[PDB]
Every structure is written in structure tokens, then in C-alpha cells.
>>> print(open('upload33.pdb').read())   # PDB, C-alpha atoms and all ligand atoms
ATOM      1  CA  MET A   1     -34.927 234.594-113.808
ATOM      2  CA  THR A   2     -32.380 237.380-114.234
ATOM      3  CA  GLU A   3     -29.835 237.789-111.461
ATOM      4  CA  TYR A   4     -28.396 241.274-110.824
ATOM      5  CA  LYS A   5     -25.026 241.579-109.045
ATOM      6  CA  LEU A   6     -25.141 244.847-107.095
ATOM      7  CA  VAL A   7     -22.204 246.174-105.057
ATOM      8  CA  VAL A   8     -22.584 248.899-102.417
ATOM      9  CA  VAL A   9     -19.410 250.997-102.018
ATOM     10  CA  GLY A  10     -18.284 254.099-100.151
ATOM     11  CA  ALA A  11     -16.385 255.469 -97.179
ATOM     12  CA  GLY A  12     -16.706 254.110 -93.669
ATOM     13  CA  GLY A  13     -19.887 254.938 -91.789
ATOM     14  CA  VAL A  14     -21.886 256.430 -94.669
ATOM     15  CA  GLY A  15     -24.620 253.817 -94.200
ATOM     16  CA  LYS A  16     -23.908 251.108 -96.793
ATOM     17  CA  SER A  17     -24.986 248.291 -94.467
ATOM     18  CA  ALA A  18     -27.923 250.277 -93.078
ATOM     19  CA  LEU A  19     -29.196 250.877 -96.622
ATOM     20  CA  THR A  20     -28.831 247.225 -97.608
ATOM     21  CA  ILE A  21     -30.406 245.854 -94.431
ATOM     22  CA  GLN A  22     -33.310 248.282 -94.817
ATOM     23  CA  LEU A  23     -33.898 247.034 -98.386
ATOM     24  CA  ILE A  24     -33.537 243.325 -97.584
ATOM     25  CA  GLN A  25     -34.809 243.143 -93.981
ATOM     26  CA  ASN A  26     -37.033 246.235 -93.542
ATOM     27  CA  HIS A  27     -35.500 247.599 -90.345
ATOM     28  CA  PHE A  28     -32.948 250.233 -89.379
ATOM     29  CA  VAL A  29     -29.619 249.221 -87.828
ATOM     30  CA  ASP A  30     -28.848 251.900 -85.207
ATOM     31  CA  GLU A  31     -25.492 250.558 -84.049
ATOM     32  CA  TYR A  32     -22.213 250.828 -85.987
ATOM     33  CA  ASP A  33     -20.463 247.507 -86.687
ATOM     34  CA  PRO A  34     -17.857 248.035 -89.446
ATOM     35  CA  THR A  35     -18.263 245.566 -92.314
ATOM     36  CA  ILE A  36     -15.584 243.336 -93.823
ATOM     37  CA  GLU A  37     -17.671 241.894 -96.656
ATOM     38  CA  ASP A  38     -21.224 240.535 -96.491
ATOM     39  CA  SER A  39     -23.621 239.207 -99.103
ATOM     40  CA  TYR A  40     -27.426 239.367 -99.327
ATOM     41  CA  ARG A  41     -29.826 237.828-101.837
ATOM     42  CA  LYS A  42     -33.513 238.506-102.392
ATOM     43  CA  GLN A  43     -36.081 237.737-105.077
ATOM     44  CA  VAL A  44     -38.137 240.809-106.027
ATOM     45  CA  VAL A  45     -40.416 242.020-108.821
ATOM     46  CA  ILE A  46     -39.138 245.120-110.631
ATOM     47  CA  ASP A  47     -41.168 246.449-113.580
ATOM     48  CA  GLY A  48     -43.149 243.236-113.877
ATOM     49  CA  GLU A  49     -39.986 241.112-113.924
ATOM     50  CA  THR A  50     -39.094 238.580-111.246
ATOM     51  CA  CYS A  51     -35.397 238.908-110.547
ATOM     52  CA  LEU A  52     -32.790 237.949-108.002
ATOM     53  CA  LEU A  53     -30.877 240.765-106.355
ATOM     54  CA  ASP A  54     -27.437 239.641-105.222
ATOM     55  CA  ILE A  55     -26.044 242.466-103.080
ATOM     56  CA  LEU A  56     -22.459 242.763-101.843
ATOM     57  CA  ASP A  57     -22.042 245.014 -98.792
ATOM     58  CA  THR A  58     -18.388 246.117 -98.857
ATOM     59  CA  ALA A  59     -15.919 247.642 -96.383
ATOM     60  CA  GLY A  60     -15.493 251.381 -95.972
ATOM     61  CA  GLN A  61     -12.555 250.952 -93.591
ATOM     62  CA  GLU A  62      -9.324 251.550 -95.537
ATOM     63  CA  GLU A  63      -7.741 248.551 -93.783
ATOM     64  CA  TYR A  64      -9.690 246.320 -96.224
ATOM     65  CA  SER A  65      -9.010 248.265 -99.431
ATOM     66  CA  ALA A  66      -7.039 245.271-100.762
ATOM     67  CA  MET A  67     -10.337 243.445-101.369
ATOM     68  CA  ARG A  68     -11.698 246.120-103.730
ATOM     69  CA  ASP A  69     -10.186 244.775-106.953
ATOM     70  CA  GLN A  70     -11.928 241.410-106.623
ATOM     71  CA  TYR A  71     -15.416 242.784-106.033
ATOM     72  CA  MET A  72     -15.081 245.534-108.648
ATOM     73  CA  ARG A  73     -14.039 242.838-111.124
ATOM     74  CA  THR A  74     -17.188 240.785-110.565
ATOM     75  CA  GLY A  75     -19.812 243.436-109.725
ATOM     76  CA  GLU A  76     -22.335 244.383-112.425
ATOM     77  CA  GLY A  77     -23.616 247.631-110.895
ATOM     78  CA  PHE A  78     -22.367 249.886-108.114
ATOM     79  CA  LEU A  79     -24.364 251.856-105.553
ATOM     80  CA  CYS A  80     -21.905 254.666-104.813
ATOM     81  CA  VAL A  81     -22.825 255.997-101.366
ATOM     82  CA  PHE A  82     -21.748 259.072 -99.453
ATOM     83  CA  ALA A  83     -23.368 260.725 -96.442
ATOM     84  CA  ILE A  84     -24.686 264.275 -96.821
ATOM     85  CA  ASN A  85     -23.175 265.207 -93.415
ATOM     86  CA  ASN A  86     -19.664 264.025 -94.425
ATOM     87  CA  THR A  87     -17.928 266.158 -97.054
ATOM     88  CA  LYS A  88     -14.880 263.869 -97.016
ATOM     89  CA  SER A  89     -17.075 260.874 -97.948
ATOM     90  CA  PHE A  90     -18.318 262.841-100.973
ATOM     91  CA  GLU A  91     -14.723 263.542-102.014
ATOM     92  CA  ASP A  92     -14.005 259.848-101.392
ATOM     93  CA  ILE A  93     -16.886 258.493-103.491
ATOM     94  CA  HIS A  94     -15.437 260.242-106.533
ATOM     95  CA  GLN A  95     -12.239 258.243-105.952
ATOM     96  CA  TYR A  96     -14.276 255.023-105.683
ATOM     97  CA  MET A  97     -15.966 255.725-109.012
ATOM     98  CA  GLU A  98     -12.630 256.321-110.745
ATOM     99  CA  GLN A  99     -11.275 253.089-109.233
ATOM    100  CA  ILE A 100     -14.280 251.128-110.530
ATOM    101  CA  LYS A 101     -13.704 252.625-113.991
ATOM    102  CA  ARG A 102     -10.018 251.687-113.808
ATOM    103  CA  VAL A 103     -10.502 248.107-112.543
ATOM    104  CA  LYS A 104     -13.220 247.493-115.140
ATOM    105  CA  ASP A 105     -11.351 249.385-117.905
ATOM    106  CA  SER A 106     -14.640 250.938-118.964
ATOM    107  CA  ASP A 107     -16.313 254.326-119.239
ATOM    108  CA  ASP A 108     -19.848 252.886-119.003
ATOM    109  CA  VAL A 109     -20.140 251.041-115.689
ATOM    110  CA  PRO A 110     -23.717 250.994-114.303
ATOM    111  CA  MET A 111     -23.703 253.263-111.252
ATOM    112  CA  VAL A 112     -26.044 255.298-109.062
ATOM    113  CA  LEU A 113     -24.690 258.071-106.837
ATOM    114  CA  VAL A 114     -26.478 258.022-103.468
ATOM    115  CA  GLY A 115     -26.495 260.820-100.908
ATOM    116  CA  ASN A 116     -27.502 259.006 -97.721
ATOM    117  CA  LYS A 117     -28.612 260.262 -94.270
ATOM    118  CA  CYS A 118     -30.907 262.911 -95.783
ATOM    119  CA  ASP A 119     -32.931 262.784 -92.541
ATOM    120  CA  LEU A 120     -30.092 264.736 -90.875
ATOM    121  CA  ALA A 121     -30.065 268.520 -90.756
ATOM    122  CA  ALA A 122     -26.242 268.823 -90.503
ATOM    123  CA  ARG A 123     -25.824 268.915 -94.276
ATOM    124  CA  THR A 124     -22.455 269.838 -95.814
ATOM    125  CA  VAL A 125     -22.964 268.323 -99.294
ATOM    126  CA  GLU A 126     -25.687 270.161-101.171
ATOM    127  CA  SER A 127     -27.836 268.249-103.651
ATOM    128  CA  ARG A 128     -26.573 270.435-106.508
ATOM    129  CA  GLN A 129     -22.934 269.522-105.796
ATOM    130  CA  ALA A 130     -23.816 265.829-105.994
ATOM    131  CA  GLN A 131     -25.982 266.384-109.088
ATOM    132  CA  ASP A 132     -22.947 267.911-110.838
ATOM    133  CA  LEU A 133     -20.750 264.920-109.968
ATOM    134  CA  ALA A 134     -23.391 262.468-111.204
ATOM    135  CA  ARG A 135     -23.919 264.463-114.405
ATOM    136  CA  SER A 136     -20.233 264.238-115.322
ATOM    137  CA  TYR A 137     -20.578 260.445-115.088
ATOM    138  CA  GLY A 138     -23.945 260.319-116.852
ATOM    139  CA  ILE A 139     -25.582 258.570-113.877
ATOM    140  CA  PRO A 140     -28.537 259.364-111.597
ATOM    141  CA  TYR A 141     -28.237 261.031-108.199
ATOM    142  CA  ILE A 142     -30.714 259.905-105.526
ATOM    143  CA  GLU A 143     -30.913 260.999-101.884
ATOM    144  CA  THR A 144     -31.788 258.400 -99.269
ATOM    145  CA  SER A 145     -32.361 257.825 -95.581
ATOM    146  CA  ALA A 146     -31.754 254.317 -94.286
ATOM    147  CA  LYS A 147     -33.327 255.580 -91.046
ATOM    148  CA  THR A 148     -36.688 256.678 -92.504
ATOM    149  CA  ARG A 149     -36.553 254.386 -95.633
ATOM    150  CA  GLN A 150     -36.885 257.441 -97.908
ATOM    151  CA  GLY A 151     -35.496 256.665-101.346
ATOM    152  CA  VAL A 152     -34.052 253.289-100.361
ATOM    153  CA  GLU A 153     -36.075 251.210-102.816
ATOM    154  CA  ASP A 154     -35.760 253.928-105.475
ATOM    155  CA  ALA A 155     -31.950 253.851-105.191
ATOM    156  CA  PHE A 156     -31.539 250.067-105.486
ATOM    157  CA  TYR A 157     -34.224 249.673-108.161
ATOM    158  CA  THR A 158     -32.776 252.573-110.156
ATOM    159  CA  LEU A 159     -29.443 250.721-110.149
ATOM    160  CA  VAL A 160     -31.214 247.625-111.524
ATOM    161  CA  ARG A 161     -32.732 249.825-114.225
ATOM    162  CA  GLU A 162     -29.259 251.216-114.984
ATOM    163  CA  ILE A 163     -27.814 247.741-115.495
ATOM    164  CA  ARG A 164     -30.703 247.157-117.964
ATOM    165  CA  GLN A 165     -29.842 250.206-120.078
ATOM    166  CA  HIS A 166     -26.459 248.571-120.669
TER     167      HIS A 166
HETATM  168  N1  LIG B 201     -29.453 259.288 -89.149
HETATM  169  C1  LIG B 201     -29.012 258.324 -89.968
HETATM  170  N2  LIG B 201     -28.084 257.492 -89.511
HETATM  171  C2  LIG B 201     -27.753 256.569 -90.426
HETATM  172  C3  LIG B 201     -28.223 256.421 -91.711
HETATM  173  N3  LIG B 201     -27.608 255.349 -92.333
HETATM  174  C4  LIG B 201     -26.795 254.874 -91.436
HETATM  175  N4  LIG B 201     -26.833 255.572 -90.246
HETATM  176  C5  LIG B 201     -26.051 255.298 -89.054
HETATM  177  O1  LIG B 201     -24.692 255.506 -89.369
HETATM  178  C6  LIG B 201     -23.874 254.499 -88.718
HETATM  179  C7  LIG B 201     -23.066 253.740 -89.762
HETATM  180  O2  LIG B 201     -23.922 252.929 -90.564
HETATM  181  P1  LIG B 201     -23.355 251.725 -91.401
HETATM  182  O3  LIG B 201     -24.484 251.257 -92.236
HETATM  183  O4  LIG B 201     -22.752 250.725 -90.485
HETATM  184  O5  LIG B 201     -22.244 252.327 -92.289
HETATM  185  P2  LIG B 201     -21.305 251.543 -93.235
HETATM  186  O6  LIG B 201     -21.138 252.393 -94.423
HETATM  187  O7  LIG B 201     -21.867 250.207 -93.528
HETATM  188  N5  LIG B 201     -19.919 251.326 -92.453
HETATM  189  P3  LIG B 201     -18.688 250.386 -92.886
HETATM  190  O8  LIG B 201     -18.091 250.966 -94.132
HETATM  191  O9  LIG B 201     -17.618 250.482 -91.821
HETATM  192  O10 LIG B 201     -19.223 248.990 -93.064
HETATM  193  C8  LIG B 201     -24.832 253.661 -87.874
HETATM  194  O11 LIG B 201     -24.885 254.190 -86.543
HETATM  195  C9  LIG B 201     -26.176 253.847 -88.579
HETATM  196  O12 LIG B 201     -27.293 253.680 -87.710
HETATM  197  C10 LIG B 201     -29.206 257.314 -92.199
HETATM  198  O13 LIG B 201     -29.734 257.324 -93.325
HETATM  199  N6  LIG B 201     -29.563 258.263 -91.236
HETATM  200 CA    CA B 202     -22.493 245.465 -82.343
HETATM  201 MG    MG B 203     -21.084 248.377 -93.279
HETATM  202 MG    MG B 204     -19.899 273.836 -98.978
END
>>> encode(input="upload33.pdb", output="C-alpha cells")
Amino acid sequence: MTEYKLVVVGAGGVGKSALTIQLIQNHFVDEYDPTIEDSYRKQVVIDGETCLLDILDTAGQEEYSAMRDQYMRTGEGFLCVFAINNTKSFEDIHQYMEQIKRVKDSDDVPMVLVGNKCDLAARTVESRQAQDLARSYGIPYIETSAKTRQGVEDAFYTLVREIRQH
């Protein structure tokens, strides 16, 4: 069966681990334990196809930025997460996407831009601002809540479907 190497990237605290754990383990992690680098694998059916999702949950803390080159080298698709209540994380995710492009020396890296924490009402990134950023990359924008599960499957499965357009 096809294996898909997904990598979840973004600034600290935007909910990378919460999104991944919700997808793989179907529960919401309320506490905040900063990640170094964790890996998850799960067999799922997507569009009638049995596949293996290999998911790398990466560090948002800048203290571990040295590890980025290795995982950007090997990742096949990138879930580029920011939190809609964190304008700085939106500015940061643009930097992540440029770094991925640079490390991979490619203009066509499979990516999905994800605006997480859409259950919160303290929004400072409007959907249209994120839509514009995605459009300049030619990639989808999807809003999610790891807390309510809204959009979580859509976001990860869209990224699978992006890898398959390539
Ligand atoms: N309300 C709400 N809180 C969320 C959501 N996603 C994550 N959180 C909360 O935000 C905090 C950080 O989540 P976490 O997944 O650890 O973020 P992270 O991006 O993995 N952090 P790091 O980069 O340091 O590993 C946690 O308290 C978590 O419960 C969401 O969609 N909604
Ligand atoms: Ca803890
Ligand atoms: Mg984490
Ligand atoms: Mg504004």
C-alpha cells in the first residue's frame, strides 16, 4: 500500500500536536507539552485506497530549529499550521513555507495551509488574509479546531490528495 510522509510544521503552541493526536487518537490534548520531534503512523482508507499515513510532529520552539533541514529534506507533504488567534504565527508560517521551498529547491512542494483554533472567538487572522497567502502558493486553505475536531480530517486528507496531484 502507498505510504504518505506528512510533516506538521508551524510556530510554538499553534496546535500541531493537538491536531495530530486528534487525527490519530481521537481525543483533545488540553495541556501544553512542547514537542521535540514525534512520529505517528496509521493505516486509513482515503478515496477507496488503503494507505499508511506517516506523520511527523515537529517542534515550534525556535531552540530546535536546527532539526528543520533534516525533516524538510525527507517530508513529502507539509501541513503548515498557524493559529487564528496568533498573528505572529501567521507571519511565521509564511517563513516556514519559504524555508521548505528553499530546502527542497522546488516551487511545487505539496502543502496545505491550516488556520487552527477556529473554535476561539479571539480571531486576529481573518480567513481572507490566509486565503490570499495560500493562493500565492497555489495551495488550499482549511480552518480547523483540534478541540472540536472541525476540519481535522479534511486538512490531513486534503494534504494526502495534494501529494497525489504531484
Ligand atoms: N481552543 C483550542 N485550543 C487548542 C487547539 N489546538 C491546540 N490547542 C491548545 O493549545 C495548546 C498548544 O497545543 P499544542 O498542540 O501543544 O501546540 P504545538 O503546536 O504542538 N506546540 P509545540 O510547537 O511547542 O510542540 C494546548 O493547550 C492545546 O490544548 C484548538 O484547536 N483550539
Ligand atoms: Ca504535561
Ligand atoms: Mg507539539
Ligand atoms: Mg488585522
>>> residues_near_point(input="upload33.pdb", point="(-40.6, 244.6, -106.2)", cutoff="12 Å", atoms="all atoms listed in the file", output="PDB file with C-alpha atoms, in the coordinates of the input")
ATOM      1  CA  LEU A  23     -33.898 247.034 -98.386  1.00  0.00           C
ATOM      2  CA  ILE A  24     -33.537 243.325 -97.584  1.00  0.00           C
ATOM      3  CA  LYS A  42     -33.513 238.506-102.392  1.00  0.00           C
ATOM      4  CA  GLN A  43     -36.081 237.737-105.077  1.00  0.00           C
ATOM      5  CA  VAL A  44     -38.137 240.809-106.027  1.00  0.00           C
ATOM      6  CA  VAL A  45     -40.416 242.020-108.821  1.00  0.00           C
ATOM      7  CA  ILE A  46     -39.138 245.120-110.631  1.00  0.00           C
ATOM      8  CA  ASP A  47     -41.168 246.449-113.580  1.00  0.00           C
ATOM      9  CA  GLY A  48     -43.149 243.236-113.877  1.00  0.00           C
ATOM     10  CA  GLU A  49     -39.986 241.112-113.924  1.00  0.00           C
ATOM     11  CA  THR A  50     -39.094 238.580-111.246  1.00  0.00           C
ATOM     12  CA  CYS A  51     -35.397 238.908-110.547  1.00  0.00           C
ATOM     13  CA  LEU A  52     -32.790 237.949-108.002  1.00  0.00           C
ATOM     14  CA  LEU A  53     -30.877 240.765-106.355  1.00  0.00           C
ATOM     15  CA  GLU A 153     -36.075 251.210-102.816  1.00  0.00           C
ATOM     16  CA  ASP A 154     -35.760 253.928-105.475  1.00  0.00           C
ATOM     17  CA  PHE A 156     -31.539 250.067-105.486  1.00  0.00           C
ATOM     18  CA  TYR A 157     -34.224 249.673-108.161  1.00  0.00           C
ATOM     19  CA  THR A 158     -32.776 252.573-110.156  1.00  0.00           C
ATOM     20  CA  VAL A 160     -31.214 247.625-111.524  1.00  0.00           C
TER      21      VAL A 160
END
>>> residues_near_ligand(input="upload33.pdb", ligand="ligand LIG 201 (chain B)", cutoff="9 Å", atoms="all atoms listed in the file", output="number ranges by chain")
A: 8-21, 28-37, 57-62, 81-83, 115-120, 144-150
>>> resolve_selection(input="upload33.pdb", expression="the PyMOL selection byres (((chain A and resi 131-140) around 10) and not hetatm)", output="PyMOL selection string")
chain A and resi 90+93-94+97-98+107-115+126-130+141-142+155+158-159+162
>>> atom_distance(input="upload33.pdb", atom1="CA of residue 71 (chain A)", atom2="CA of residue 55 (chain A)")
11.0 Å
>>> resolve_selection(input="upload33.pdb", expression="the PyMOL selection byres (((chain A and resi 124) around 9) and not hetatm)", output="PyMOL selection string")
chain A and resi 84-87+122-123+125-126
>>> write_last_selection(input="upload33.pdb", atoms="C-alpha atoms", output="PDB file, in the frame of the given file")
ATOM      1  CA  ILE A  84     -24.686 264.275 -96.821  1.00  0.00           C
ATOM      2  CA  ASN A  85     -23.175 265.207 -93.415  1.00  0.00           C
ATOM      3  CA  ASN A  86     -19.664 264.025 -94.425  1.00  0.00           C
ATOM      4  CA  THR A  87     -17.928 266.158 -97.054  1.00  0.00           C
ATOM      5  CA  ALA A 122     -26.242 268.823 -90.503  1.00  0.00           C
ATOM      6  CA  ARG A 123     -25.824 268.915 -94.276  1.00  0.00           C
ATOM      7  CA  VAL A 125     -22.964 268.323 -99.294  1.00  0.00           C
ATOM      8  CA  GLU A 126     -25.687 270.161-101.171  1.00  0.00           C
TER       9      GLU A 126
END
>>> atom_distance(input="upload33.pdb", atom1="CA of residue 75 (chain A)", atom2="CA of residue 26 (chain A)")
23.8 Å
>>> atom_distance(input="upload33.pdb", atom1="CA of residue 105 (chain A)", atom2="CA of residue 1 (chain A)")
28.1 Å
>>> closest_residue(input="upload33.pdb", among="A:54, A:143, A:38, A:92", to="ligand MG 203 (chain B)", atoms="only C-alpha atoms and all ligand atoms")
A:38
>>> closest_residue(input="upload33.pdb", among="A:151, A:104, A:67, A:6", to="residue 79 (chain A)", atoms="only C-alpha atoms")
A:6
>>> axis_aligned_box(input="upload33.pdb", around="region 126-131 of chain A", padding_each_side="6 Å", output="lines of an AutoDock Vina configuration file")
center_x = -25.4
center_y = 268.1
center_z = -105.1
size_x = 16.9
size_y = 16.6
size_z = 19.9
>>> decode(input="upload33.pdb", residues="region 41-150 of chain A", atoms="C-alpha atoms", output="PDB file, in the first residue's frame")
ATOM      1  CA  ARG A  41       1.660   6.045  11.853  1.00  0.00           C
ATOM      2  CA  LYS A  42      -1.848   4.928  10.951  1.00  0.00           C
ATOM      3  CA  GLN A  43      -3.464   2.885   8.193  1.00  0.00           C
ATOM      4  CA  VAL A  44      -6.544   4.608   6.739  1.00  0.00           C
ATOM      5  CA  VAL A  45      -8.773   4.446   3.662  1.00  0.00           C
ATOM      6  CA  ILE A  46      -8.805   7.650   1.599  1.00  0.00           C
ATOM      7  CA  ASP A  47     -10.848   7.696  -1.627  1.00  0.00           C
ATOM      8  CA  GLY A  48     -11.138   3.921  -1.690  1.00  0.00           C
ATOM      9  CA  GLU A  49      -7.380   3.473  -1.254  1.00  0.00           C
ATOM     10  CA  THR A  50      -5.779   1.823   1.761  1.00  0.00           C
ATOM     11  CA  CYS A  51      -2.729   3.847   2.688  1.00  0.00           C
ATOM     12  CA  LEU A  52      -0.290   4.364   5.514  1.00  0.00           C
ATOM     13  CA  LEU A  53      -0.044   7.852   6.956  1.00  0.00           C
ATOM     14  CA  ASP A  54       3.374   8.501   8.464  1.00  0.00           C
ATOM     15  CA  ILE A  55       3.096  11.795  10.356  1.00  0.00           C
ATOM     16  CA  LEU A  56       5.997  13.779  11.812  1.00  0.00           C
ATOM     17  CA  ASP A  57       5.001  16.184  14.600  1.00  0.00           C
ATOM     18  CA  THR A  58       7.758  18.822  14.676  1.00  0.00           C
ATOM     19  CA  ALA A  59       8.975  21.476  17.130  1.00  0.00           C
ATOM     20  CA  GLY A  60       7.638  25.017  17.130  1.00  0.00           C
ATOM     21  CA  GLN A  61      10.152  26.143  19.755  1.00  0.00           C
ATOM     22  CA  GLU A  62      12.984  28.007  17.996  1.00  0.00           C
ATOM     23  CA  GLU A  63      15.517  26.191  20.202  1.00  0.00           C
ATOM     24  CA  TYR A  64      15.072  23.150  17.903  1.00  0.00           C
ATOM     25  CA  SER A  65      15.190  24.958  14.549  1.00  0.00           C
ATOM     26  CA  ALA A  66      18.432  23.103  13.728  1.00  0.00           C
ATOM     27  CA  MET A  67      16.392  19.937  13.097  1.00  0.00           C
ATOM     28  CA  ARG A  68      14.273  21.523  10.344  1.00  0.00           C
ATOM     29  CA  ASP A  69      16.597  20.789   7.423  1.00  0.00           C
ATOM     30  CA  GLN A  70      16.512  17.033   8.016  1.00  0.00           C
ATOM     31  CA  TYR A  71      12.735  16.706   8.181  1.00  0.00           C
ATOM     32  CA  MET A  72      12.118  19.113   5.293  1.00  0.00           C
ATOM     33  CA  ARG A  73      14.539  17.019   3.234  1.00  0.00           C
ATOM     34  CA  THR A  74      12.594  13.803   3.796  1.00  0.00           C
ATOM     35  CA  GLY A  75       8.984  15.020   4.123  1.00  0.00           C
ATOM     36  CA  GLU A  76       6.645  14.520   1.151  1.00  0.00           C
ATOM     37  CA  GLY A  77       3.878  16.927   2.191  1.00  0.00           C
ATOM     38  CA  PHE A  78       3.650  19.696   4.772  1.00  0.00           C
ATOM     39  CA  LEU A  79       0.696  20.717   6.930  1.00  0.00           C
ATOM     40  CA  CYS A  80       1.537  24.383   7.515  1.00  0.00           C
ATOM     41  CA  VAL A  81      -0.283  25.391  10.704  1.00  0.00           C
ATOM     42  CA  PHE A  82      -0.925  28.746  12.318  1.00  0.00           C
ATOM     43  CA  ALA A  83      -3.458  29.690  14.986  1.00  0.00           C
ATOM     44  CA  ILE A  84      -6.165  32.213  14.096  1.00  0.00           C
ATOM     45  CA  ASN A  85      -5.644  33.971  17.472  1.00  0.00           C
ATOM     46  CA  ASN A  86      -1.882  34.448  16.870  1.00  0.00           C
ATOM     47  CA  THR A  87      -0.980  36.945  14.144  1.00  0.00           C
ATOM     48  CA  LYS A  88       2.740  36.304  14.676  1.00  0.00           C
ATOM     49  CA  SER A  89       2.238  32.581  13.942  1.00  0.00           C
ATOM     50  CA  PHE A  90       0.619  33.545  10.624  1.00  0.00           C
ATOM     51  CA  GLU A  91       3.621  35.730   9.776  1.00  0.00           C
ATOM     52  CA  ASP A  92       5.829  32.823  10.878  1.00  0.00           C
ATOM     53  CA  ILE A  93       4.127  30.159   8.746  1.00  0.00           C
ATOM     54  CA  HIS A  94       4.995  32.155   5.635  1.00  0.00           C
ATOM     55  CA  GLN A  95       8.654  31.878   6.682  1.00  0.00           C
ATOM     56  CA  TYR A  96       8.250  28.112   7.175  1.00  0.00           C
ATOM     57  CA  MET A  97       6.835  27.728   3.671  1.00  0.00           C
ATOM     58  CA  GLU A  98       9.734  29.653   2.131  1.00  0.00           C
ATOM     59  CA  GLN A  99      12.198  27.510   4.108  1.00  0.00           C
ATOM     60  CA  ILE A 100      10.560  24.309   2.832  1.00  0.00           C
ATOM     61  CA  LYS A 101      10.815  25.653  -0.729  1.00  0.00           C
ATOM     62  CA  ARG A 102      14.482  26.512  -0.165  1.00  0.00           C
ATOM     63  CA  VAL A 103      15.497  23.204   1.472  1.00  0.00           C
ATOM     64  CA  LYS A 104      13.669  21.237  -1.229  1.00  0.00           C
ATOM     65  CA  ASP A 105      14.813  23.570  -4.051  1.00  0.00           C
ATOM     66  CA  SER A 106      11.329  23.375  -5.525  1.00  0.00           C
ATOM     67  CA  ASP A 107       8.367  25.601  -6.319  1.00  0.00           C
ATOM     68  CA  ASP A 108       5.845  22.730  -6.177  1.00  0.00           C
ATOM     69  CA  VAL A 109       6.014  21.196  -2.700  1.00  0.00           C
ATOM     70  CA  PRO A 110       2.696  19.624  -1.586  1.00  0.00           C
ATOM     71  CA  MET A 111       1.334  21.861   1.170  1.00  0.00           C
ATOM     72  CA  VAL A 112      -1.911  22.757   2.927  1.00  0.00           C
ATOM     73  CA  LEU A 113      -2.211  25.993   4.905  1.00  0.00           C
ATOM     74  CA  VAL A 114      -4.176  25.375   8.115  1.00  0.00           C
ATOM     75  CA  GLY A 115      -5.743  28.033  10.320  1.00  0.00           C
ATOM     76  CA  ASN A 116      -6.207  26.191  13.615  1.00  0.00           C
ATOM     77  CA  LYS A 117      -8.163  27.046  16.804  1.00  0.00           C
ATOM     78  CA  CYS A 118     -11.199  28.244  14.824  1.00  0.00           C
ATOM     79  CA  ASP A 119     -13.324  27.440  17.901  1.00  0.00           C
ATOM     80  CA  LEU A 120     -11.874  30.584  19.531  1.00  0.00           C
ATOM     81  CA  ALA A 121     -13.551  33.963  19.207  1.00  0.00           C
ATOM     82  CA  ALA A 122     -10.324  35.990  19.704  1.00  0.00           C
ATOM     83  CA  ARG A 123      -9.544  35.994  15.988  1.00  0.00           C
ATOM     84  CA  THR A 124      -6.784  38.238  14.606  1.00  0.00           C
ATOM     85  CA  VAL A 125      -6.146  36.414  11.300  1.00  0.00           C
ATOM     86  CA  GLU A 126      -9.158  36.672   9.024  1.00  0.00           C
ATOM     87  CA  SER A 127      -9.917  33.820   6.634  1.00  0.00           C
ATOM     88  CA  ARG A 128      -9.431  36.131   3.641  1.00  0.00           C
ATOM     89  CA  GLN A 129      -5.880  37.028   4.721  1.00  0.00           C
ATOM     90  CA  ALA A 130      -4.994  33.336   4.894  1.00  0.00           C
ATOM     91  CA  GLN A 131      -6.794  32.622   1.605  1.00  0.00           C
ATOM     92  CA  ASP A 132      -4.573  35.235  -0.084  1.00  0.00           C
ATOM     93  CA  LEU A 133      -1.395  33.642   1.291  1.00  0.00           C
ATOM     94  CA  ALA A 134      -2.498  30.176   0.160  1.00  0.00           C
ATOM     95  CA  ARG A 135      -3.475  31.478  -3.283  1.00  0.00           C
ATOM     96  CA  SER A 136       0.005  32.891  -3.892  1.00  0.00           C
ATOM     97  CA  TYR A 137       1.362  29.385  -3.241  1.00  0.00           C
ATOM     98  CA  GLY A 138      -1.359  27.614  -5.222  1.00  0.00           C
ATOM     99  CA  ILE A 139      -2.386  25.528  -2.192  1.00  0.00           C
ATOM    100  CA  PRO A 140      -5.634  25.050  -0.245  1.00  0.00           C
ATOM    101  CA  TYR A 141      -6.514  26.907   2.946  1.00  0.00           C
ATOM    102  CA  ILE A 142      -8.529  24.971   5.542  1.00  0.00           C
ATOM    103  CA  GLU A 143      -9.626  26.110   9.006  1.00  0.00           C
ATOM    104  CA  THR A 144      -9.556  23.592  11.836  1.00  0.00           C
ATOM    105  CA  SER A 145     -10.247  23.082  15.514  1.00  0.00           C
ATOM    106  CA  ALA A 146      -8.299  20.338  17.253  1.00  0.00           C
ATOM    107  CA  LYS A 147     -10.644  20.974  20.197  1.00  0.00           C
ATOM    108  CA  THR A 148     -13.941  20.313  18.376  1.00  0.00           C
ATOM    109  CA  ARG A 149     -12.428  18.119  15.556  1.00  0.00           C
ATOM    110  CA  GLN A 150     -13.812  20.516  12.920  1.00  0.00           C
TER     111      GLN A 150
END
